[PDB]
Amino acid sequence: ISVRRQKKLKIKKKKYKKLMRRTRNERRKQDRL
Amino acid sequence: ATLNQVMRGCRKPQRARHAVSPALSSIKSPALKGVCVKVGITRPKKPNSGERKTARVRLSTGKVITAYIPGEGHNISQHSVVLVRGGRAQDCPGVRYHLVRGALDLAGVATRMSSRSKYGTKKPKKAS
Amino acid sequence: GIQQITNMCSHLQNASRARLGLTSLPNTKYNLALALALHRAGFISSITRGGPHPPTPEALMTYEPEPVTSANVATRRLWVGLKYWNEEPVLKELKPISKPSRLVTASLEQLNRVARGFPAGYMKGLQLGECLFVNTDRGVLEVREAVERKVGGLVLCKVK
Amino acid sequence: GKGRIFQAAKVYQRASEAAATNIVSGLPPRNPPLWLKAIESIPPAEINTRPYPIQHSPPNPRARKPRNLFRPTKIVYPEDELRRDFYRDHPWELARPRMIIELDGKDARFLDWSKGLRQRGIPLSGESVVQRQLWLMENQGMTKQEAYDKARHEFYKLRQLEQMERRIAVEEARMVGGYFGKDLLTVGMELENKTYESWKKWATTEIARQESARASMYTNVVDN
RNA sequence: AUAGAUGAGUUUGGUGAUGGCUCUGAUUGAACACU
RNA sequence: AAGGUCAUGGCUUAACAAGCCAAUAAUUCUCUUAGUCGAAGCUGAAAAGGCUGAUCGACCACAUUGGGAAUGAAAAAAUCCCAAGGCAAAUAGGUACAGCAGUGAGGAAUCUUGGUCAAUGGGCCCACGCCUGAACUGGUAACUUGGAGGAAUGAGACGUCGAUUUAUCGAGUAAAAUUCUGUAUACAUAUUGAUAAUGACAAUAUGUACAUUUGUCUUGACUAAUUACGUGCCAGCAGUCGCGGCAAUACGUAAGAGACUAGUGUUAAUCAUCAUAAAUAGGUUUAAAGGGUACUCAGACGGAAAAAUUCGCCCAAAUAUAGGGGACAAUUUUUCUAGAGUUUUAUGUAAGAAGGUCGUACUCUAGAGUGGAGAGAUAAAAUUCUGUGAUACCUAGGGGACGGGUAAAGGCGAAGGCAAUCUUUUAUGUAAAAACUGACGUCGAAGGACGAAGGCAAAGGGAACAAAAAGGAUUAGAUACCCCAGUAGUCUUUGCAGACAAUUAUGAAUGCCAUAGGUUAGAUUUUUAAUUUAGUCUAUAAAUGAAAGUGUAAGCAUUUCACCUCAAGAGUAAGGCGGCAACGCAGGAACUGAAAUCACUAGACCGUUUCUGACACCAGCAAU
RNA sequence: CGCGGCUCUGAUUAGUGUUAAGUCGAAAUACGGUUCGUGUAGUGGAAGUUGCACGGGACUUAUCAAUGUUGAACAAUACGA
RNA sequence: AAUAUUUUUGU
Ligand SMILES: [K+]
Ligand SMILES: [K+]
Ligand SMILES: [K+]
Ligand SMILES: [K+]
Ligand SMILES: [K+]
Ligand SMILES: [K+]
Ligand SMILES: [K+]
Ligand SMILES: [K+]
Ligand SMILES: [Mg+2]
Ligand SMILES: [Mg+2]
Ligand SMILES: [Mg+2]
Ligand SMILES: [Mg+2]
Ligand SMILES: [Mg+2]
Ligand SMILES: [Mg+2]
Ligand SMILES: [Mg+2]
Ligand SMILES: [Mg+2]
Ligand SMILES: [Mg+2]
Ligand SMILES: [Mg+2]
Ligand SMILES: [Mg+2]
Ligand SMILES: [Mg+2]
Ligand SMILES: [Mg+2]
Ligand SMILES: [Mg+2]
Ligand SMILES: [Mg+2]
Ligand SMILES: [Mg+2]
Ligand SMILES: [Mg+2]
Ligand SMILES: [Mg+2]
Ligand SMILES: [Mg+2]
Ligand SMILES: [Mg+2]
Ligand SMILES: [Mg+2]
Ligand SMILES: [Mg+2]
Ligand SMILES: [Mg+2]
Ligand SMILES: [Mg+2]
Ligand SMILES: [Mg+2]
Ligand SMILES: [Mg+2]
Ligand SMILES: [Mg+2]
Ligand SMILES: [Mg+2]
Ligand SMILES: [Mg+2]
Ligand SMILES: [Mg+2]
Ligand SMILES: [Mg+2]
Ligand SMILES: [Mg+2]
Ligand SMILES: [Mg+2]
Ligand SMILES: [Mg+2]
Ligand SMILES: [Mg+2]
Ligand SMILES: [Mg+2]
Ligand SMILES: [Mg+2]
Ligand SMILES: [Mg+2]
Ligand SMILES: [Mg+2]
Ligand SMILES: [Mg+2]
Ligand SMILES: [Mg+2]
Ligand SMILES: [Mg+2]
Ligand SMILES: [Mg+2]
Ligand SMILES: [Mg+2]
Ligand SMILES: [Mg+2]
Ligand SMILES: [Mg+2]
Ligand SMILES: [Mg+2]
Ligand SMILES: [Mg+2]
Ligand SMILES: [Mg+2]
Ligand SMILES: [Mg+2]
Ligand SMILES: [Mg+2]
Ligand SMILES: [Mg+2]
Ligand SMILES: [Mg+2]
Ligand SMILES: [Mg+2]
Ligand SMILES: [Mg+2]
Ligand SMILES: [Mg+2]
Ligand SMILES: [Mg+2]
Ligand SMILES: [Mg+2]
Ligand SMILES: [Mg+2]
């Protein structure tokens with residue numbers, strides 16, 4: 001896999017890792033950890 | 001793959017491809033009847049330009065699809081019973097259907113001289 | 001086993017591909033069977049078993065090998081004479097069919113079809129120059145020999 | 001694949017087919033090249049076929065999986081061991097020039113080593129001692145050392161006379177009014193002078209050069 | 001049953017690959033439009 | 001042991017025994033979907049082909065839904081009993097058209113409320129005969145197939161039409177006209193479907209008579225077939241690529257042209273195309289795709305020379321009785337040493353672990369040391385340090401972690417990874433000969449173990465470095481890059497965690513293919529210098545590859561495991577499992593597309609290297 | 001009647017696809033102007049950026065201070081660009 | 001030999 005295409009996966013995994021933090025407390029209230 | 005890997009079921013069907021007209025392809029029907037919910041205009045994508053006449057239709061099965069109105073000029077409006085057939089507007093997203101012009105309520109182009117079968121236009125009967 | 005014939009098919013190709021005059025093969029009852037078939041078919045020049053070093057080429061046929069007992073059986077080896085004509089090897093391809101993972105057995109009714117350029121089973125028709133060797137009760141014969149003797153058996157390899 | 005498809009061995013097969021028929025269908029084929037019939041019955045030789053090379057030494061019998069079965073082997077004779085023993089005992093025998101340029105190859109036809117060291121066509125050198133030693137050691141059944149001594153002493157008696165001739169031949173020529181040129185001892189010394197002088201020029205130049213480096217180390221530009 | 005095995009358009013500045021999509025062939029207990 | 005049975009079987013019973021089947025899902029459970037099958041239909045050149053599961057035949061199930069029994073040789077019922085809802089009915093206690101025709105509804109869409117029991121079949125009957133919505137016949141629909149649907153002559157009406165070159169290019173042998181046929185069909189006659197007799201209805205043969213419609217798609221390329229005008233990214237066309245922005249062969253008209261024809265197109269679907277899930281028959285260095293690792297249970301595969309058994313395989317079928325042939329195959333037996341192992345302290349070696357230490361630098365404390373105004377930082381500075389005496393130069397005590405040279409394309413371990421030193425401790429591997437065991441082998445789902453840095457948990461340690469937090473600068477702005485300082489953390493011990501560009505972007509292993517130049521640890525020798533075993537690294541041949549390149553393999557072959565099937569969504573959602581948490585394992589679909597993607601070639605660019613020209617620049621003079 | 005499954009819907013709320021013509025920056029591709037990516041842990045409106053170890057899909061892109069030699073005289077009938 | 005100020009955008 002080229003480096004240009006690897007950066008497409010890099011942006012997807014970061015925005016997801018960044019999303020699971022923001023909604024971590026909300027998922028803890030509903031018992032969805 | 002080794003003969004053993006094939007014995008355990010490694011050969012699986014290929015991932016399905018979406019049909020051009022799912023509402024018709026799913027139930028193996030060539031056409032369906034629907035009540036026109038809205039007659040508006042859709043704009044093509046980057047290359048093409050213009051105002052494509054479309055119609056939001058609620059099929060008999062229950063699906064709400066968007067069909068394309070072929071020809072020049074139509075006479076359908078809200079609460080119009082129209083016949084939907086497969087097809088797709090290659091430049092309009094979501095417009096994955098066509099409307100038969102010799103259909104129940106949709107009339108054919110009266111000023112059409114070529115390809116009348118495609119637009120539901122009776123012969124002029126000039127001499128007759 | 002059939003694994004030995006597969007190794008023999010690959011080596012004979014690599015030797016012909018390298019344009020070698022002589023070629024060595026492990027001395028086994030199965031290898032000698034196919035070797036005699038290749039020689040009887042006209043692909044190799046001669047077959048003589050000897051030690052780890054090739055016999056004297058000047059007296060290849062006249063070579064008198066020593067008895068094969070348990071004191072030297074681990075060092076014996078079959079020395080094959082390869083053939084080259086018109087700037088092209090006579091044993092170019094030795095594609096095998098029956099591999100250790102699967103043994104392909106053919107019937108007389110099918111070999112009669114494969115012998116005339118028509119597929120039958122997991123085999124394909126034989127074209128000009130091609131040749132198919134079959135291991136049967138009467139030894140490792142050729143598809144045209146087995147068809148004459150009216151027998152089937154185990155398909156070993158296809159020679160071009 | 002940096003190579004190219006060379007079809008030099010099939011120039012006849014190719015030319016024979018191109019000359020069999022005519023491109024213009026309906027006409028007889030024109031005459032073939034003038035060389036097509038000359039080599040009609042002289043096919044090429046088989047090339048690119050690795051045979052079992054000639055074995056100049058008994059191959060290792062204990063090897064179970066021997067390699068290099070298509071590698072030319074080294075040519076070693078029984079004389080190679082004798083040449084090394086002699087020339088090592090007589091290192092300065094190599095300074096005596098020896099010509100290895102053959103005239104017609106027919107030098108081993110007049111060599112009869114049963115007569116002595118002096119043979120026809122070849123000079124008296126360490127080889128004559130070796131060939132004489134090998135003969136006695138084989139024919140007369142002598143040992144390596146015994147034959148070596150006999151063949152070695154005959155070599156000295158012949159070399160001694162050679163050195164005695166140079167001395168007497170010169171002394172004899174001057175007794176009747178015979179003068180010669182510059183001997184090798186004098187010429188050799190004159191050459192050393194021309195070279196020694198050139199070295200002196202190089203020494204004085206570098207020596208003076210180093211003085212500048214020694215003075216340039218310290219600084220005295222102020223001129224106090 | 002011994003005549004039975006075939007391709008085309010389309011990614012690129014361009015070439016050669018890879019890999020889809022579409023057309024070419026046959027058909028329906030078919031429907032619709034014009035007849 | 002006994003009974004039972006033609007016979008066999010816990011089939012049955014009594015007394016003892018603790019077994020039998022399976023371990024990779026036997027067994028059991030939930031969800032989704034479906035009547036099953038056939039050269040029966042469709043399709044492909046073909047595959048143990050693919051799809052469908054109409055009409056035909058066989059099988060299964062059901063007759064409003066649910067719950068049940070009896071009769072009978074046999075439930076094999078549209079029967080019978082019971083409950084509920086709909087219609088009907090009330091003291092009643094029927095009906096369910098998935099029997100034929102038909103009506104309503106639903107739907108894109110599928111027919112007559114006919115005649116006869118004459119034929120074939122069935123039920124009842126001594127017989128005659130009665131009954132039959134099966135069945136046979138008529139009707140409706142181009143739904144499909146098959147056939148008809150008109151042939152020959154036709155040149156001066158010396159006309160007409162459309163183009164244009166008034167004579168060129170066409171309509172055009174086309175038409176009219178003439179000469180023949182009597183096709184579908186109509187009517188008549190006869191025979192036949194049926195014979196003991198019975199004809200609802202029609203077929204067949206012969207005779208005579210009649211010359212009866214065009215429709216539709218396409219016309220940029222794929223794809224056979226052209227111009228004109230109008231329109232002007234508008235209107236529209238499009239299966240794919242695309243066309244349309246004022247002289248459009250692509251849109252809409254007109255004409256011409258190409259083709260199929262009572263059909264023609266379009267939509268939907270299936271096969272083939274597609275080796276596009278590749279058993280036949282694929283592939284994974286850089287394009288989708290090699291698991292982090294290899295010890296290993298199951299499971300696949302795996303030597304030599306003989307023998308028994310199976311009679312596998314072959315003759316060779318028809319799912320072939322009984323035989324023959326013995327190479328190969330399965331189980332098994334006896335031998336063999338080429339694979340794999342053991343012994344003989346190898347050499348060499350940063351695999352690993354325990355207990356200890358060494359040293360250069362750093363840092364802390366003290367000596368009211370010497371010295372007495374700066375130091376450090378950065379491109380430059382600022383925050384900061386220093387008169388409570390710093391930096392610099394020393395003395396004496398500590399305190400933690402680090403590992404200079406040697407050092408190499410070097411080496412060691414399954415990988416991760418391992419580099420100061422001493423003792424202790426641990427498994428492989430390599431060379432040389434001898435000896436020994438005698439196929440004991442390779443791969444290996446799963447489980448288990450190991451697994452970098454960072455991280456969590458607990459207690460220590462804390463010099464240095466440094467996420468965080470914080471400040472000073474830079475800058476249009478600056479969270480940043482730079483700087484002054486600085487907490488977790490890095491280190492030790494005990495657990496959790498299991499993700500990596502865990503890489504050779506290349507799984508492990510076996511057999512095999514031509515050379516050269518270095519290099520590592522050994523061995524042999526005429527130890528000088530050449531052979532040789534096992535590794536590693538460059539450059540090549542044959543070859544291979546899309547090429548780059550590889551060439552101890554990305555070659556020729558084989559074994560086995562993992563993994564891939566267009567892009568994107570997505571390694572995401574949901575349920576579940578593991579974990580203290582962080583997160584990991586496993587793992588879709590909808591929506592939107594015709595492209596994504598790889599190597600190479602030639603250029604251009606580079607706050608890219610080295611050069612070559614030019615008042616381009618430097619310098620000088622003049623000017624704006 | 002209870003438990004479990006399944007379908008629809010739900011204030012509020014999240015992600016992603018598409019859409020030439022908006023705004024804010026300039027992260028990648030050249031040494032992309034702080035080497036880029038992998039893992040992990042923080043952090044910032046966003047792309048990004050920071051610590052720690054790791055990979056090259058980046059530096060094999062490598063090209064002399066060993067400065068390069070009176071290596072056996074001369075003359076002869078030998079030798080003759 | 002160990003040097004390093006800043007420099008965004010283009011329907
Ligand atoms: K047998
Ligand atoms: K002080
Ligand atoms: K090793
Ligand atoms: K610091
Ligand atoms: K663990
Ligand atoms: K080597
Ligand atoms: K999702
Ligand atoms: K490079
Ligand atoms: Mg990849
Ligand atoms: Mg498109
Ligand atoms: Mg037209
Ligand atoms: Mg059209
Ligand atoms: Mg490009
Ligand atoms: Mg391809
Ligand atoms: Mg069903
Ligand atoms: Mg059913
Ligand atoms: Mg009915
Ligand atoms: Mg009903
Ligand atoms: Mg309806
Ligand atoms: Mg009847
Ligand atoms: Mg009857
Ligand atoms: Mg009767
Ligand atoms: Mg007639
Ligand atoms: Mg009757
Ligand atoms: Mg054309
Ligand atoms: Mg294109
Ligand atoms: Mg047009
Ligand atoms: Mg017809
Ligand atoms: Mg790997
Ligand atoms: Mg794993
Ligand atoms: Mg991985
Ligand atoms: Mg038998
Ligand atoms: Mg034994
Ligand atoms: Mg032994
Ligand atoms: Mg061994
Ligand atoms: Mg040791
Ligand atoms: Mg003081
Ligand atoms: Mg210490
Ligand atoms: Mg590593
Ligand atoms: Mg070191
Ligand atoms: Mg293993
Ligand atoms: Mg495992
Ligand atoms: Mg850790
Ligand atoms: Mg830790
Ligand atoms: Mg802690
Ligand atoms: Mg700041
Ligand atoms: Mg550690
Ligand atoms: Mg690592
Ligand atoms: Mg593995
Ligand atoms: Mg190495
Ligand atoms: Mg190489
Ligand atoms: Mg290959
Ligand atoms: Mg995907
Ligand atoms: Mg996963
Ligand atoms: Mg999840
Ligand atoms: Mg280039
Ligand atoms: Mg100027
Ligand atoms: Mg100036
Ligand atoms: Mg002015
Ligand atoms: Mg809502
Ligand atoms: Mg960056
Ligand atoms: Mg940038
Ligand atoms: Mg950068
Ligand atoms: Mg990074
Ligand atoms: Mg910060
Ligand atoms: Mg780069
Ligand atoms: Mg731009």
# chains A, B, ... in the order shown; residues from 1 in each chain; ligands from 1
$ residues_near_ligand --ligand "ligand 42" --cutoff "9 Å" --atoms "only C-alpha atoms (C1' of nucleotides) and all ligand atoms" --output "ChimeraX atom specification"
/F:445-448
$ write_last_selection --atoms "N, CA and C atoms (P, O5', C5', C4', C3', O3' and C1' of nucleotides)" --output "PDB file, in the first residue's frame"
ATOM      1  P     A F 445      -1.888 -23.634  13.295  1.00  0.00           P
ATOM      2  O5'   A F 445      -3.466 -23.632  13.098  1.00  0.00           O
ATOM      3  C5'   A F 445      -4.042 -22.990  11.972  1.00  0.00           C
ATOM      4  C4'   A F 445      -5.528 -23.223  11.890  1.00  0.00           C
ATOM      5  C3'   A F 445      -6.324 -22.835  13.123  1.00  0.00           C
ATOM      6  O3'   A F 445      -6.588 -21.446  13.196  1.00  0.00           O
ATOM      7  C1'   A F 445      -6.990 -24.980  12.408  1.00  0.00           C
ATOM      8  P     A F 446      -6.190 -20.621  14.515  1.00  0.00           P
ATOM      9  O5'   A F 446      -6.805 -21.479  15.706  1.00  0.00           O
ATOM     10  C5'   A F 446      -8.205 -21.512  15.923  1.00  0.00           C
ATOM     11  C4'   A F 446      -8.588 -22.530  16.967  1.00  0.00           C
ATOM     12  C3'   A F 446      -8.065 -22.291  18.372  1.00  0.00           C
ATOM     13  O3'   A F 446      -8.808 -21.322  19.090  1.00  0.00           O
ATOM     14  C1'   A F 446      -7.749 -24.556  17.790  1.00  0.00           C
ATOM     15  P     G F 447      -8.060 -20.306  20.084  1.00  0.00           P
ATOM     16  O5'   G F 447      -7.549 -21.237  21.268  1.00  0.00           O
ATOM     17  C5'   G F 447      -8.460 -21.820  22.184  1.00  0.00           C
ATOM     18  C4'   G F 447      -7.779 -22.838  23.061  1.00  0.00           C
ATOM     19  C3'   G F 447      -6.628 -22.317  23.905  1.00  0.00           C
ATOM     20  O3'   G F 447      -7.056 -21.685  25.098  1.00  0.00           O
ATOM     21  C1'   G F 447      -5.948 -24.279  22.794  1.00  0.00           C
ATOM     22  P     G F 448      -6.368 -20.315  25.574  1.00  0.00           P
ATOM     23  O5'   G F 448      -4.902 -20.751  26.012  1.00  0.00           O
ATOM     24  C5'   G F 448      -4.692 -21.571  27.151  1.00  0.00           C
ATOM     25  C4'   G F 448      -3.301 -22.148  27.164  1.00  0.00           C
ATOM     26  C3'   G F 448      -2.162 -21.140  27.172  1.00  0.00           C
ATOM     27  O3'   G F 448      -1.888 -20.609  28.455  1.00  0.00           O
ATOM     28  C1'   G F 448      -1.741 -22.769  25.527  1.00  0.00           C
TER      29        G F 448
END
$ interface_residues --of "chain F" --to "chain D" --cutoff "10 Å" --atoms "only C-alpha atoms (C1' of nucleotides)" --output "list in words"
residues 338, 514, 526, 541, 542, 543 and 544 of chain F
$ residues_near_ligand --ligand "ligand 13" --cutoff "10 Å" --atoms "only C-alpha atoms (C1' of nucleotides) and all ligand atoms" --output "list in words"
residues 12, 13 and 14 of chain E
$ atom_distance --atom1 "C1' of residue 398 in chain F" --atom2 "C1' of residue 357 in chain F"
17.8 Å
$ residues_near_ligand --ligand "ligand 7" --cutoff "8 Å" --atoms "only C-alpha atoms (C1' of nucleotides) and all ligand atoms" --output "ChimeraX atom specification"
/F:569-570,572-573 /G:15-16
$ residues_near_ligand --ligand "ligand 51" --cutoff "8 Å" --atoms "only C-alpha atoms (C1' of nucleotides) and all ligand atoms" --output "number ranges by chain"
F: 538-539, 550-551
$ write_last_selection --atoms "N, CA and C atoms (P, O5', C5', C4', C3', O3' and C1' of nucleotides)" --output "PDB file, in the first residue's frame"
ATOM      1  P     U F 538      22.568  -7.532  -0.900  1.00  0.00           P
ATOM      2  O5'   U F 538      23.882  -6.880  -1.513  1.00  0.00           O
ATOM      3  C5'   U F 538      23.868  -6.351  -2.824  1.00  0.00           C
ATOM      4  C4'   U F 538      25.250  -6.261  -3.416  1.00  0.00           C
ATOM      5  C3'   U F 538      25.327  -6.422  -4.924  1.00  0.00           C
ATOM      6  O3'   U F 538      25.008  -5.233  -5.620  1.00  0.00           O
ATOM      7  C1'   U F 538      26.966  -7.782  -3.914  1.00  0.00           C
ATOM      8  P     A F 539      23.866  -5.238  -6.748  1.00  0.00           P
ATOM      9  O5'   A F 539      24.584  -5.913  -7.996  1.00  0.00           O
ATOM     10  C5'   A F 539      25.792  -5.370  -8.500  1.00  0.00           C
ATOM     11  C4'   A F 539      26.410  -6.251  -9.556  1.00  0.00           C
ATOM     12  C3'   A F 539      25.453  -6.887 -10.545  1.00  0.00           C
ATOM     13  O3'   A F 539      25.035  -5.998 -11.564  1.00  0.00           O
ATOM     14  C1'   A F 539      27.013  -8.499  -9.803  1.00  0.00           C
ATOM     15  P     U F 550      17.814  -6.923  -7.906  1.00  0.00           P
ATOM     16  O5'   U F 550      17.181  -8.376  -7.742  1.00  0.00           O
ATOM     17  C5'   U F 550      16.330  -8.677  -6.646  1.00  0.00           C
ATOM     18  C4'   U F 550      15.686 -10.033  -6.792  1.00  0.00           C
ATOM     19  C3'   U F 550      16.633 -11.216  -6.931  1.00  0.00           C
ATOM     20  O3'   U F 550      17.129 -11.682  -5.688  1.00  0.00           O
ATOM     21  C1'   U F 550      14.966 -11.352  -8.593  1.00  0.00           C
ATOM     22  P     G F 551      18.640 -12.216  -5.569  1.00  0.00           P
ATOM     23  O5'   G F 551      18.743 -13.359  -6.672  1.00  0.00           O
ATOM     24  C5'   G F 551      18.036 -14.584  -6.543  1.00  0.00           C
ATOM     25  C4'   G F 551      18.193 -15.424  -7.785  1.00  0.00           C
ATOM     26  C3'   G F 551      19.623 -15.786  -8.161  1.00  0.00           C
ATOM     27  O3'   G F 551      20.099 -16.940  -7.485  1.00  0.00           O
ATOM     28  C1'   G F 551      18.489 -14.932 -10.059  1.00  0.00           C
TER      29        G F 551
END
$ residues_near_ligand --ligand "ligand 4" --cutoff "9 Å" --atoms "only C-alpha atoms (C1' of nucleotides) and all ligand atoms" --output "count of residues only"
4
$ residues_near_ligand --ligand "ligand 60" --cutoff "12 Å" --atoms "only C-alpha atoms (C1' of nucleotides) and all ligand atoms" --output "ChimeraX atom specification"
/G:9-14
$ write_last_selection --atoms "N, CA, C and O atoms (P, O5', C5', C4', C3', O3' and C1' of nucleotides)" --output "PDB file, in the first residue's frame"
ATOM      1  P     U G   9     -40.382   2.908  11.437  1.00  0.00           P
ATOM      2  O5'   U G   9     -40.797   3.823  12.673  1.00  0.00           O
ATOM      3  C5'   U G   9     -42.029   4.528  12.688  1.00  0.00           C
ATOM      4  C4'   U G   9     -42.417   4.931  14.089  1.00  0.00           C
ATOM      5  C3'   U G   9     -41.459   5.871  14.803  1.00  0.00           C
ATOM      6  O3'   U G   9     -41.630   7.227  14.435  1.00  0.00           O
ATOM      7  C1'   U G   9     -42.037   4.097  16.247  1.00  0.00           C
ATOM      8  P     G G  10     -40.369   8.221  14.399  1.00  0.00           P
ATOM      9  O5'   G G  10     -40.065   8.517  15.933  1.00  0.00           O
ATOM     10  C5'   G G  10     -40.962   9.286  16.719  1.00  0.00           C
ATOM     11  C4'   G G  10     -40.555   9.297  18.170  1.00  0.00           C
ATOM     12  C3'   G G  10     -39.165   9.838  18.463  1.00  0.00           C
ATOM     13  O3'   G G  10     -39.140  11.251  18.544  1.00  0.00           O
ATOM     14  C1'   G G  10     -39.511   7.808  19.647  1.00  0.00           C
ATOM     15  P     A G  11     -38.176  12.109  17.588  1.00  0.00           P
ATOM     16  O5'   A G  11     -37.867  13.423  18.434  1.00  0.00           O
ATOM     17  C5'   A G  11     -38.908  14.327  18.774  1.00  0.00           C
ATOM     18  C4'   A G  11     -38.807  14.790  20.206  1.00  0.00           C
ATOM     19  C3'   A G  11     -37.482  15.412  20.617  1.00  0.00           C
ATOM     20  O3'   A G  11     -37.375  16.773  20.240  1.00  0.00           O
ATOM     21  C1'   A G  11     -38.168  13.847  22.256  1.00  0.00           C
ATOM     22  P     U G  12     -36.237  17.243  19.209  1.00  0.00           P
ATOM     23  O5'   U G  12     -34.875  16.793  19.900  1.00  0.00           O
ATOM     24  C5'   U G  12     -34.484  17.326  21.156  1.00  0.00           C
ATOM     25  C4'   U G  12     -33.484  16.434  21.846  1.00  0.00           C
ATOM     26  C3'   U G  12     -32.192  16.176  21.090  1.00  0.00           C
ATOM     27  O3'   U G  12     -31.250  17.224  21.221  1.00  0.00           O
ATOM     28  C1'   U G  12     -33.048  14.130  21.888  1.00  0.00           C
ATOM     29  P     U G  13     -30.341  17.650  19.967  1.00  0.00           P
ATOM     30  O5'   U G  13     -29.377  16.401  19.752  1.00  0.00           O
ATOM     31  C5'   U G  13     -28.417  16.048  20.734  1.00  0.00           C
ATOM     32  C4'   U G  13     -27.835  14.681  20.477  1.00  0.00           C
ATOM     33  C3'   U G  13     -27.092  14.508  19.163  1.00  0.00           C
ATOM     34  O3'   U G  13     -25.770  15.012  19.196  1.00  0.00           O
ATOM     35  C1'   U G  13     -28.573  12.701  19.458  1.00  0.00           C
ATOM     36  P     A G  14     -25.035  15.435  17.831  1.00  0.00           P
ATOM     37  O5'   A G  14     -24.384  14.077  17.316  1.00  0.00           O
ATOM     38  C5'   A G  14     -23.366  13.436  18.066  1.00  0.00           C
ATOM     39  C4'   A G  14     -23.052  12.066  17.524  1.00  0.00           C
ATOM     40  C3'   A G  14     -22.535  12.015  16.097  1.00  0.00           C
ATOM     41  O3'   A G  14     -21.161  12.337  15.984  1.00  0.00           O
ATOM     42  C1'   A G  14     -24.218  10.393  16.368  1.00  0.00           C
TER      43        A G  14
END
$ residues_near_ligand --ligand "ligand 31" --cutoff "8 Å" --atoms "only C-alpha atoms (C1' of nucleotides) and all ligand atoms" --output "PyMOL selection string"
chain F and resi 291-292+500+502
$ interface_residues --of "chain C" --to "chain D" --cutoff "9 Å" --atoms "only C-alpha atoms" --output "PyMOL selection string"
chain C and resi 18-22+51-54+56-57+74-75+84-87
$ residues_around --residues "residue 16 in chain E" --least-positions-apart "6" --cutoff "9 Å" --atoms "only C-alpha atoms (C1' of nucleotides)" --output "list in words"
residues 546, 547, 599 and 600 of chain F
$ interface_residues --of "chain C" --to "chain B" --cutoff "12 Å" --atoms "only C-alpha atoms" --output "PyMOL selection string"
chain C and resi 99-102
$ residues_around --residues "residue 481 in chain F" --least-positions-apart "2" --cutoff "10 Å" --atoms "only C-alpha atoms (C1' of nucleotides)" --output "list in words"
residues 474 and 478 of chain F; 34 and 49 of chain G
